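Read through the structure below, which is laid out as structure tokens, and then see the notes.
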There are 2 protein chains.
Amino acid sequence: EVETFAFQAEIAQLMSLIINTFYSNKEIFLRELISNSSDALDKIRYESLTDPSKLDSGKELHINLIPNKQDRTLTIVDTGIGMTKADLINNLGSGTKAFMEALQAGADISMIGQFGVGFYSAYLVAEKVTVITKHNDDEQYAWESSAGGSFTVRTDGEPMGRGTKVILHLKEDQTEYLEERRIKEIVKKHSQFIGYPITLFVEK
Amino acid sequence: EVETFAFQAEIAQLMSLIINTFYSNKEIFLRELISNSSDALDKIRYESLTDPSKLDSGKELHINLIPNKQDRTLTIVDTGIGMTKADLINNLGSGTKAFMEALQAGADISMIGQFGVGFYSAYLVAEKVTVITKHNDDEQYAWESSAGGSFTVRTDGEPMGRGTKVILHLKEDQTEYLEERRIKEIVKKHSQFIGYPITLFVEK
Ligand SMILES: CN(C)c1ncnc2nc[nH]c12
Ligand SMILES: CN(C)c1ncnc2nc[nH]c12
């Protein structure tokens, strides 16, 4: 059971821009994902001040980076607040327009995060993104897209607790972001101080 | 009718740090306020995608900077989502601790915003802050504090629509942030691209 949806026309345009605009500084994507993760963690955090039961599906608030050279994927995991099916379809489906009206006036792509639309920076480095997610008031869901104007949503076995898993299947010329000294350099450089623990998994 | 509350002990410590730590680069405060404002606007924005009635108390989404040399105040106004009485008391009343554990390891104060606690940067420049606020599901409220460990909350006449007014009564040696070329320099330098219109009021 698999639903296919059209990206809203402007998200398709924004995404097109990110895939086709020549831009060497692709690395800013990680910061944009870690950044989203942090916001998600701030969210389950603020909520659980007035209502602790919410951390019944995970007490620990943190971020994992999981490289896998065999699949050629980099997974950014958090145990933040998660997405309901509706959010998956909206949130990931007007900060874009500003962004272009900014891209007109001497902004560049590295400012993408300043416009609510950092997620889509994943497309600098990834041929296909899959987003597994579990919000406290819904079941677990899988979202996916290799761009080209559509996405899919299906319910996910293999239950995570509350949280989000952003899986990057990397473009073949972007496997440097699977290397450990590459990831550490990027985290130190762009996300050095951030209110949650970040674990970089090792391989095997 | 005026309630006085104690800041949670760590907020009092964080605030103390900001008032007594020698740090010349005080200007980063504006970016931290404009930044909060923007988040508030993102919030009423996301909400109103699924439920337009919410913008019944204000269709227009924007930020005003209102300098007044007679009162010696700089007001940062937004028509974002607002705060309920509860949020006033919490939200403005653990990103702090991280921040210190970061301040230990070579971070400085300019990173305050990376830790959820940018609001308190107002204290670099302001002897007293007043925050007038109106959330869709509550009446209008005034919050206040000259630090020293407490704040007040009272209901506010003079109704704003939905939104937040952060009033800075500036320290007497900080009146440069009332000058127009000073504000423009700071907005251009630190908040140049941001998803909402910013109006700098002129004086008279
Ligand atoms: C909408 N958006 C980017 C997100 N919302 C909630 N949790 C997340 N974890 C990573 N990205 C997330
Ligand atoms: C908690 N916090 C800083 C705020 N929440 C909502 N609206 C705001 N406008 C300025 N600051 C705001």
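By order of appearance in the structure tokens: chains A, B, ..., then residues from 1 within every chain, and ligands from 1 in the order shown.
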Can you give chain B as a compact mmCIF listing (two decimals) with C-alpha atoms, in the first residue's frame after you superpose it on chain A, pairing all C-alpha atoms in order for the least-squares fit?
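Result file is superposed-v1.txt:
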# COMPACT_ATOMS: atom_id res chain seq x y z
CA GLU B 1 0.00 0.00 0.00
CA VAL B 2 1.85 3.05 -1.44
CA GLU B 3 0.52 6.53 -2.07
CA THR B 4 2.10 8.76 -4.68
CA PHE B 5 1.81 12.53 -4.37
CA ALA B 6 2.96 15.47 -6.52
CA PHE B 7 5.27 17.97 -4.91
CA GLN B 8 3.64 21.35 -4.68
CA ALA B 9 4.94 23.15 -7.85
CA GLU B 10 7.36 25.48 -5.97
CA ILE B 11 9.00 22.64 -3.97
CA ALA B 12 9.52 20.85 -7.26
CA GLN B 13 11.15 24.02 -8.55
CA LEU B 14 13.23 24.44 -5.45
CA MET B 15 14.31 20.89 -5.61
CA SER B 16 15.19 21.26 -9.30
CA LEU B 17 17.37 24.21 -8.56
CA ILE B 18 19.29 22.21 -5.95
CA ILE B 19 19.90 19.27 -8.29
CA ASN B 20 20.89 21.30 -11.38
CA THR B 21 22.52 24.52 -10.10
CA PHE B 22 26.32 24.09 -10.18
CA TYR B 23 27.50 24.56 -6.55
CA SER B 24 30.61 22.93 -5.17
CA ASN B 25 30.05 23.64 -1.51
CA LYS B 26 27.72 20.63 -1.14
CA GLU B 27 28.73 19.93 2.48
CA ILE B 28 26.36 22.45 4.06
CA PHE B 29 23.69 19.78 3.79
CA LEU B 30 24.71 17.98 6.96
CA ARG B 31 24.40 21.07 9.04
CA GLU B 32 20.89 21.56 7.63
CA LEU B 33 19.89 18.04 8.61
CA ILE B 34 21.54 18.14 12.04
CA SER B 35 19.83 21.47 12.36
CA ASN B 36 16.41 20.08 11.60
CA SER B 37 17.07 17.22 14.01
CA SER B 38 17.91 19.65 16.78
CA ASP B 39 14.66 21.57 16.18
CA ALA B 40 12.72 18.31 16.38
CA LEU B 41 14.47 17.59 19.69
CA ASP B 42 13.72 21.06 21.00
CA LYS B 43 10.06 20.27 20.18
CA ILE B 44 9.62 16.99 22.08
CA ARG B 45 11.65 18.72 24.83
CA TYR B 46 9.40 21.79 25.27
CA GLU B 47 6.32 19.63 25.11
CA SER B 48 7.54 17.28 27.76
CA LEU B 49 8.05 20.00 30.33
CA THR B 50 4.24 20.16 30.65
CA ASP B 51 3.47 16.44 30.22
CA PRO B 52 6.32 13.89 30.83
CA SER B 53 4.29 10.92 29.47
CA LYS B 54 5.48 12.05 26.02
CA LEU B 55 8.97 10.71 26.65
CA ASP B 56 7.40 7.34 27.27
CA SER B 57 8.55 6.35 23.79
CA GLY B 58 12.14 7.47 24.40
CA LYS B 59 13.77 9.29 27.29
CA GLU B 60 17.08 9.90 25.50
CA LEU B 61 17.39 13.00 23.19
CA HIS B 62 20.18 12.72 20.64
CA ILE B 63 21.44 12.33 17.10
CA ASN B 64 23.22 9.50 15.37
CA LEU B 65 25.08 9.62 12.10
CA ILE B 66 25.19 6.17 10.52
CA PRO B 67 27.36 5.69 7.46
CA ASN B 68 27.16 2.47 5.50
CA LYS B 69 29.57 2.10 2.58
CA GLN B 70 27.90 -1.09 1.30
CA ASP B 71 24.48 0.55 0.78
CA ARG B 72 26.19 3.79 0.08
CA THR B 73 23.82 5.55 2.53
CA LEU B 74 24.27 8.12 5.27
CA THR B 75 21.49 7.99 7.82
CA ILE B 76 20.84 10.97 10.10
CA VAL B 77 18.83 9.67 13.07
CA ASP B 78 17.16 11.69 15.88
CA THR B 79 14.81 10.88 18.71
CA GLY B 80 13.04 14.21 18.35
CA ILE B 81 9.30 14.72 18.10
CA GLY B 82 8.61 12.90 14.79
CA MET B 83 6.11 13.45 12.01
CA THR B 84 2.45 12.36 11.71
CA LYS B 85 1.30 11.17 8.29
CA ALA B 86 -0.19 14.65 7.65
CA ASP B 87 3.14 16.44 8.43
CA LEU B 88 5.00 14.07 6.17
CA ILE B 89 2.69 15.10 3.30
CA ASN B 90 2.73 18.87 4.21
CA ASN B 91 5.96 19.64 5.95
CA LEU B 92 7.93 17.61 3.45
CA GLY B 93 5.59 18.38 0.54
CA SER B 94 6.42 29.99 0.93
CA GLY B 95 9.87 29.86 2.59
CA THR B 96 10.81 28.64 -0.89
CA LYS B 97 9.63 31.77 -2.66
CA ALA B 98 11.34 34.14 -0.30
CA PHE B 99 14.44 31.99 -0.79
CA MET B 100 14.31 32.61 -4.55
CA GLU B 101 13.66 36.31 -4.10
CA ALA B 102 16.74 36.06 -1.90
CA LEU B 103 18.66 33.96 -4.38
CA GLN B 104 17.97 36.84 -6.83
CA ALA B 105 19.61 39.47 -4.57
CA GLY B 106 23.02 37.84 -3.90
CA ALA B 107 22.14 35.01 -1.58
CA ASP B 108 23.46 31.60 -2.33
CA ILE B 109 22.39 28.11 -1.54
CA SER B 110 24.17 27.89 1.84
CA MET B 111 21.48 30.14 3.23
CA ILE B 112 18.76 27.58 2.37
CA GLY B 113 18.25 26.81 6.07
CA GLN B 114 17.45 30.43 6.86
CA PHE B 115 14.21 29.90 4.86
CA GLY B 116 12.59 26.89 6.50
CA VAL B 117 13.57 24.65 3.62
CA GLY B 118 16.93 23.05 4.65
CA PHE B 119 15.62 19.50 4.31
CA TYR B 120 15.88 19.73 0.48
CA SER B 121 19.62 20.36 0.69
CA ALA B 122 19.86 16.60 0.99
CA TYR B 123 19.51 16.66 -2.77
CA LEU B 124 22.97 18.20 -3.27
CA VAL B 125 24.45 14.81 -2.36
CA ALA B 126 21.70 12.18 -2.51
CA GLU B 127 20.09 10.50 -5.53
CA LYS B 128 17.22 9.22 -3.36
CA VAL B 129 16.08 10.15 0.17
CA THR B 130 13.96 7.97 2.43
CA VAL B 131 12.57 9.36 5.72
CA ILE B 132 11.33 6.92 8.33
CA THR B 133 9.40 8.61 11.09
CA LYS B 134 7.27 7.92 14.20
CA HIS B 135 5.30 10.61 16.00
CA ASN B 136 3.68 9.94 19.36
CA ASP B 137 0.13 10.23 17.90
CA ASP B 138 0.30 8.04 14.75
CA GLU B 139 1.95 4.87 13.49
CA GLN B 140 5.31 4.60 11.81
CA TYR B 141 5.54 5.91 8.17
CA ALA B 142 7.99 5.83 5.26
CA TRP B 143 8.37 8.75 2.88
CA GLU B 144 10.49 8.69 -0.26
CA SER B 145 11.53 10.53 -3.33
CA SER B 146 14.14 10.63 -6.01
CA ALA B 147 12.73 14.03 -7.00
CA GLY B 148 11.33 14.33 -10.52
CA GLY B 149 8.09 15.82 -9.07
CA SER B 150 6.71 13.13 -6.79
CA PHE B 151 6.99 11.46 -3.40
CA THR B 152 5.60 8.36 -1.74
CA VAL B 153 4.24 7.57 1.63
CA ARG B 154 3.56 4.10 3.00
CA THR B 155 3.33 2.83 6.57
CA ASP B 156 6.65 1.18 7.49
CA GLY B 157 7.97 -3.63 10.36
CA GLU B 158 11.07 -2.74 12.45
CA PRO B 159 9.62 -0.13 14.89
CA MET B 160 11.78 2.77 16.02
CA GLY B 161 10.81 4.63 19.16
CA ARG B 162 9.64 8.22 18.74
CA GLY B 163 11.79 9.99 16.10
CA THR B 164 13.04 10.40 12.51
CA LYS B 165 15.52 8.57 10.33
CA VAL B 166 16.65 10.46 7.23
CA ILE B 167 18.28 7.97 4.85
CA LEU B 168 20.50 9.32 2.11
CA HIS B 169 21.30 7.04 -0.79
CA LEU B 170 24.21 9.06 -2.01
CA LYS B 171 25.02 10.03 -5.60
CA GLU B 172 27.94 7.85 -6.71
CA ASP B 173 30.38 10.75 -6.91
CA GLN B 174 29.47 11.82 -3.33
CA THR B 175 30.81 8.82 -1.30
CA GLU B 176 33.23 11.12 0.55
CA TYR B 177 30.36 11.73 3.00
CA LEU B 178 30.64 8.08 3.96
CA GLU B 179 34.22 8.51 5.17
CA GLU B 180 34.73 9.07 8.90
CA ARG B 181 37.31 11.86 8.71
CA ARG B 182 35.03 13.60 6.23
CA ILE B 183 32.01 13.52 8.51
CA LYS B 184 34.02 14.62 11.60
CA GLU B 185 35.46 17.58 9.70
CA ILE B 186 31.99 18.70 8.69
CA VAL B 187 30.45 18.35 12.17
CA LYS B 188 33.35 20.21 13.81
CA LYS B 189 33.25 22.90 11.15
CA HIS B 190 29.49 23.62 10.93
CA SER B 191 27.65 22.07 13.86
CA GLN B 192 30.27 22.21 16.56
CA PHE B 193 28.03 23.52 19.32
CA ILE B 194 24.48 22.17 19.37
CA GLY B 195 22.31 21.31 22.33
CA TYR B 196 22.22 17.52 21.91
CA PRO B 197 24.77 14.67 21.76
CA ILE B 198 25.82 13.55 18.27
CA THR B 199 27.12 10.02 17.77
CA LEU B 200 29.12 9.12 14.76
CA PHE B 201 28.79 5.30 14.28
CA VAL B 202 31.91 3.48 13.10
CA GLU B 203 32.04 0.69 10.51
CA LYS B 204 31.92 -2.30 10.40
(request) Just list the residues in chain B DSSP gives alpha helix (DSSP H) on the backbone, as a ChimeraX atom specification. (result) /B:9-20,28-49,85-89,95-103,180-190
Pull C-alpha atoms from the residues just selected and write them as a PDB file, in the first residue's frame.
ATOM      1  CA  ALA B   9      17.994  29.069  39.148  1.00  0.00           C
ATOM      2  CA  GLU B  10      19.878  28.336  35.869  1.00  0.00           C
ATOM      3  CA  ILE B  11      18.135  31.131  33.902  1.00  0.00           C
ATOM      4  CA  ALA B  12      19.108  33.475  36.714  1.00  0.00           C
ATOM      5  CA  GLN B  13      22.662  32.227  36.319  1.00  0.00           C
ATOM      6  CA  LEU B  14      22.559  32.549  32.575  1.00  0.00           C
ATOM      7  CA  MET B  15      21.188  35.986  32.831  1.00  0.00           C
ATOM      8  CA  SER B  16      23.870  36.935  35.366  1.00  0.00           C
ATOM      9  CA  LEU B  17      26.570  35.801  33.047  1.00  0.00           C
ATOM     10  CA  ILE B  18      25.185  37.997  30.262  1.00  0.00           C
ATOM     11  CA  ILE B  19      25.024  41.103  32.457  1.00  0.00           C
ATOM     12  CA  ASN B  20      28.449  40.714  34.108  1.00  0.00           C
ATOM     13  CA  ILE B  28      24.410  40.095  18.209  1.00  0.00           C
ATOM     14  CA  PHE B  29      21.333  40.630  20.344  1.00  0.00           C
ATOM     15  CA  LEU B  30      19.224  42.020  17.526  1.00  0.00           C
ATOM     16  CA  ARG B  31      19.791  39.031  15.359  1.00  0.00           C
ATOM     17  CA  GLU B  32      18.686  36.823  18.274  1.00  0.00           C
ATOM     18  CA  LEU B  33      15.457  38.783  18.658  1.00  0.00           C
ATOM     19  CA  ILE B  34      14.731  39.017  14.932  1.00  0.00           C
ATOM     20  CA  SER B  35      15.513  35.349  14.912  1.00  0.00           C
ATOM     21  CA  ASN B  36      12.997  34.534  17.604  1.00  0.00           C
ATOM     22  CA  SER B  37      10.432  36.692  15.802  1.00  0.00           C
ATOM     23  CA  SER B  38      10.951  34.764  12.600  1.00  0.00           C
ATOM     24  CA  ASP B  39      10.427  31.441  14.415  1.00  0.00           C
ATOM     25  CA  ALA B  40       7.194  32.785  15.897  1.00  0.00           C
ATOM     26  CA  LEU B  41       6.102  33.750  12.376  1.00  0.00           C
ATOM     27  CA  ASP B  42       7.032  30.346  11.008  1.00  0.00           C
ATOM     28  CA  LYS B  43       4.760  28.940  13.754  1.00  0.00           C
ATOM     29  CA  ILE B  44       1.546  30.857  13.034  1.00  0.00           C
ATOM     30  CA  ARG B  45       2.370  30.191   9.361  1.00  0.00           C
ATOM     31  CA  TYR B  46       2.607  26.375   9.576  1.00  0.00           C
ATOM     32  CA  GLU B  47      -0.477  26.244  11.733  1.00  0.00           C
ATOM     33  CA  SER B  48      -2.522  28.290   9.348  1.00  0.00           C
ATOM     34  CA  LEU B  49      -1.921  25.978   6.425  1.00  0.00           C
ATOM     35  CA  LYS B  85       0.201  33.092  29.957  1.00  0.00           C
ATOM     36  CA  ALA B  86       1.703  29.616  30.595  1.00  0.00           C
ATOM     37  CA  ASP B  87       4.389  30.065  27.865  1.00  0.00           C
ATOM     38  CA  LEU B  88       5.296  33.456  29.232  1.00  0.00           C
ATOM     39  CA  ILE B  89       5.999  31.825  32.627  1.00  0.00           C
ATOM     40  CA  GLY B  95      19.553  24.762  26.608  1.00  0.00           C
ATOM     41  CA  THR B  96      21.213  26.950  29.234  1.00  0.00           C
ATOM     42  CA  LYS B  97      23.286  24.153  30.715  1.00  0.00           C
ATOM     43  CA  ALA B  98      24.512  22.865  27.405  1.00  0.00           C
ATOM     44  CA  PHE B  99      25.368  26.485  26.611  1.00  0.00           C
ATOM     45  CA  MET B 100      27.626  26.658  29.688  1.00  0.00           C
ATOM     46  CA  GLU B 101      29.203  23.296  28.930  1.00  0.00           C
ATOM     47  CA  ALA B 102      29.785  24.902  25.546  1.00  0.00           C
ATOM     48  CA  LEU B 103      30.993  28.163  27.015  1.00  0.00           C
ATOM     49  CA  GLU B 180      18.993  54.570  12.412  1.00  0.00           C
ATOM     50  CA  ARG B 181      22.329  53.965  10.680  1.00  0.00           C
ATOM     51  CA  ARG B 182      23.272  51.737  13.595  1.00  0.00           C
ATOM     52  CA  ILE B 183      20.191  49.556  13.291  1.00  0.00           C
ATOM     53  CA  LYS B 184      20.461  49.298   9.462  1.00  0.00           C
ATOM     54  CA  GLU B 185      24.099  48.225   9.717  1.00  0.00           C
ATOM     55  CA  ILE B 186      23.179  45.467  12.146  1.00  0.00           C
ATOM     56  CA  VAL B 187      20.220  44.156  10.130  1.00  0.00           C
ATOM     57  CA  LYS B 188      22.234  44.117   6.894  1.00  0.00           C
ATOM     58  CA  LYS B 189      25.168  42.479   8.637  1.00  0.00           C
ATOM     59  CA  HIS B 190      23.425  39.712  10.644  1.00  0.00           C
TER      60      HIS B 190
END
(request) Identify, with DSSP run on backbone atoms, the residues in chain B assigned to strand (DSSP E), and express the list as an MDAnalysis selection string. (result) chainID B and resid 3:6 63:68 73:78 126:134 141:145 150:155 163:170 198:200
Let me see the file: selected residues, N, CA and C atoms, as a tab-separated table (two decimals), in the first residue's frame.
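File out_31.tsv, as written:
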chain	number	residue	atom	x	y	z
B	3	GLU	N	1.74	39.42	39.28
B	3	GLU	CA	2.37	38.24	39.87
B	3	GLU	C	3.88	38.35	39.75
B	4	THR	N	4.59	38.09	40.85
B	4	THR	CA	6.02	37.95	40.79
B	4	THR	C	6.51	36.52	40.95
B	5	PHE	N	7.40	36.14	40.04
B	5	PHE	CA	7.93	34.79	39.95
B	5	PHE	C	9.46	34.82	40.04
B	6	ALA	N	10.06	33.70	40.45
B	6	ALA	CA	11.51	33.61	40.56
B	6	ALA	C	12.00	33.02	39.27
B	63	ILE	N	7.78	42.07	10.78
B	63	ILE	CA	8.56	42.50	11.90
B	63	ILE	C	8.83	44.01	11.78
B	64	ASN	N	8.57	44.70	12.87
B	64	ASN	CA	8.86	46.11	12.96
B	64	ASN	C	9.94	46.35	14.01
B	65	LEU	N	10.79	47.32	13.72
B	65	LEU	CA	11.77	47.76	14.68
B	65	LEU	C	11.37	49.19	14.96
B	66	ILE	N	11.09	49.50	16.23
B	66	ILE	CA	10.60	50.82	16.61
B	66	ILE	C	11.47	51.41	17.67
B	67	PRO	N	12.36	52.29	17.24
B	67	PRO	CA	13.23	53.08	18.11
B	67	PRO	C	12.51	54.30	18.64
B	68	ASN	N	12.74	54.61	19.90
B	68	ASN	CA	12.22	55.84	20.47
B	68	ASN	C	13.26	56.46	21.40
B	73	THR	N	13.96	53.43	24.28
B	73	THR	CA	13.57	52.03	24.08
B	73	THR	C	13.67	51.65	22.62
B	74	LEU	N	14.06	50.39	22.38
B	74	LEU	CA	13.95	49.76	21.07
B	74	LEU	C	12.94	48.62	21.16
B	75	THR	N	11.83	48.77	20.47
B	75	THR	CA	10.84	47.72	20.43
B	75	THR	C	10.97	46.80	19.17
B	76	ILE	N	11.07	45.50	19.38
B	76	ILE	CA	11.04	44.56	18.30
B	76	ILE	C	9.63	43.99	18.25
B	77	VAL	N	8.82	44.36	17.25
B	77	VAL	CA	7.49	43.80	17.13
B	77	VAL	C	7.35	42.74	16.03
B	78	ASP	N	6.63	41.65	16.32
B	78	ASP	CA	6.21	40.69	15.28
B	78	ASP	C	4.74	40.33	15.42
B	126	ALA	N	20.08	46.02	27.48
B	126	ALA	CA	18.86	46.57	28.09
B	126	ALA	C	18.91	46.46	29.59
B	127	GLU	N	18.63	47.57	30.30
B	127	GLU	CA	18.46	47.51	31.77
B	127	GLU	C	17.16	46.78	32.17
B	128	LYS	N	16.09	46.97	31.40
B	128	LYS	CA	14.82	46.37	31.71
B	128	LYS	C	14.17	45.94	30.42
B	129	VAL	N	13.59	44.74	30.37
B	129	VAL	CA	12.83	44.28	29.19
B	129	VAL	C	11.38	44.07	29.59
B	130	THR	N	10.49	44.57	28.76
B	130	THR	CA	9.07	44.28	28.84
B	130	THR	C	8.59	43.57	27.55
B	131	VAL	N	7.75	42.55	27.71
B	131	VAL	CA	7.33	41.73	26.56
B	131	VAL	C	5.82	41.70	26.53
B	132	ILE	N	5.20	42.42	25.62
B	132	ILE	CA	3.75	42.38	25.51
B	132	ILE	C	3.39	41.34	24.45
B	133	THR	N	2.40	40.52	24.76
B	133	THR	CA	2.14	39.38	23.90
B	133	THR	C	0.67	38.99	23.91
B	134	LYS	N	0.20	38.47	22.78
B	134	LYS	CA	-1.18	38.04	22.57
B	134	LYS	C	-1.21	36.80	21.67
B	141	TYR	N	-1.05	39.86	27.60
B	141	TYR	CA	-0.30	39.75	28.87
B	141	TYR	C	0.97	40.59	28.83
B	142	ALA	N	1.41	41.11	29.96
B	142	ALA	CA	2.67	41.83	30.02
B	142	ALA	C	3.63	41.08	30.91
B	143	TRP	N	4.87	40.91	30.45
B	143	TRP	CA	5.89	40.24	31.23
B	143	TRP	C	7.00	41.28	31.46
B	144	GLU	N	7.77	41.14	32.53
B	144	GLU	CA	8.78	42.17	32.75
B	144	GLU	C	9.89	41.73	33.65
B	145	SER	N	11.07	42.29	33.46
B	145	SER	CA	12.12	41.95	34.40
B	145	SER	C	13.32	42.81	34.18
B	150	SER	N	13.98	37.86	39.46
B	150	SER	CA	12.54	37.71	39.28
B	150	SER	C	11.94	38.26	37.96
B	151	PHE	N	10.70	37.86	37.68
B	151	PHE	CA	9.94	38.53	36.64
B	151	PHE	C	8.51	38.79	37.08
B	152	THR	N	7.80	39.64	36.34
B	152	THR	CA	6.38	39.79	36.60
B	152	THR	C	5.53	39.51	35.38
B	153	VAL	N	4.30	39.11	35.66
B	153	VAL	CA	3.32	38.94	34.66
B	153	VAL	C	2.04	39.56	35.16
B	154	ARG	N	1.47	40.44	34.33
B	154	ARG	CA	0.11	40.97	34.55
B	154	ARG	C	-0.61	41.01	33.21
B	155	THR	N	-1.93	40.84	33.20
B	155	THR	CA	-2.64	41.13	31.95
B	155	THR	C	-2.44	42.62	31.54
B	163	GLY	N	0.41	38.33	18.29
B	163	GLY	CA	1.81	38.76	18.23
B	163	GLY	C	2.55	39.15	19.51
B	164	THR	N	3.78	39.63	19.36
B	164	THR	CA	4.69	39.88	20.47
B	164	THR	C	5.44	41.21	20.29
B	165	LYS	N	5.57	41.95	21.38
B	165	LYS	CA	6.24	43.21	21.35
B	165	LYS	C	7.31	43.07	22.38
B	166	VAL	N	8.58	43.04	21.98
B	166	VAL	CA	9.68	43.01	22.96
B	166	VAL	C	10.27	44.41	23.16
B	167	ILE	N	10.01	45.01	24.31
B	167	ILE	CA	10.43	46.39	24.58
B	167	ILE	C	11.71	46.42	25.36
B	168	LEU	N	12.75	47.00	24.76
B	168	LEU	CA	14.02	47.20	25.43
B	168	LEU	C	14.17	48.63	25.95
B	169	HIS	N	14.22	48.77	27.27
B	169	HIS	CA	14.66	50.01	27.86
B	169	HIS	C	16.17	49.92	27.98
B	170	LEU	N	16.86	50.64	27.12
B	170	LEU	CA	18.27	50.41	26.97
B	170	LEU	C	19.13	50.97	28.13
B	198	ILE	N	10.96	43.19	7.22
B	198	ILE	CA	11.34	43.94	8.41
B	198	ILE	C	11.20	45.46	8.21
B	199	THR	N	10.38	46.13	9.00
B	199	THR	CA	10.29	47.56	8.83
B	199	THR	C	11.03	48.33	9.91
B	200	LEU	N	11.96	49.17	9.51
B	200	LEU	CA	12.55	50.04	10.46
B	200	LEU	C	11.80	51.39	10.51
